[PDB]
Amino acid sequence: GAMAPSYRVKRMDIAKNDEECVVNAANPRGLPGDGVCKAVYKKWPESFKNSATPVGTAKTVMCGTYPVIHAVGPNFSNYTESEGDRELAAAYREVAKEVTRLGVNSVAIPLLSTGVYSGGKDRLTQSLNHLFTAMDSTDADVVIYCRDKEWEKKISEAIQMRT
């Protein structure tokens, strides 16, 4: 466990994280993909061996001794708002189980379903709130990675509002 488990946000490539494991915003088929998934494929390509897993699940594959947790958020282009919301909640619950199983003291995590899988909507608050519901009961340091300057500000304010 971390000595005083914390949330932090950084605006940078998750492939340069300083944490003990990474969460990939994966597709269900274990393909190289785009955005976070493409950066993760370039940095840890060995982790894509048998990484296919269903929507709403997470599957960990080791790159050497470094764990890559492939977490599959719903594509809101295909899911109803209702079903998509349930699968996005479920994907983060499976990340919390894997983080706990691995015994890591820190994890790098992107906001699932907020890019190509967003169905054209702003899902910062929806995705971040499902991240908190899952990770609040874990004692790993959680470092959230984003690329937009306005998103960094809003994530930081959300963390600070809980004090």
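Don't overthink the numbering: it's just position in the shown sequence, from 1.
A summary of the deposited B-factors shows that, of 16-24 and 146-154, the stretch with the larger mean C-alpha value is 146-154. For the two regions 114-122 and 92-100, the entry's Cα B-factors average higher over 114-122. As recorded in the entry, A39 carries the highest CA temperature factor of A108, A134, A39, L128.
In this PDB entry, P54 carries a Cα temperature factor that places it within the middle third of its chain's modelled residues.
For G64, the recorded CA B-factor ranks within the middle third of the chain. Only modelled residues enter the ranking.
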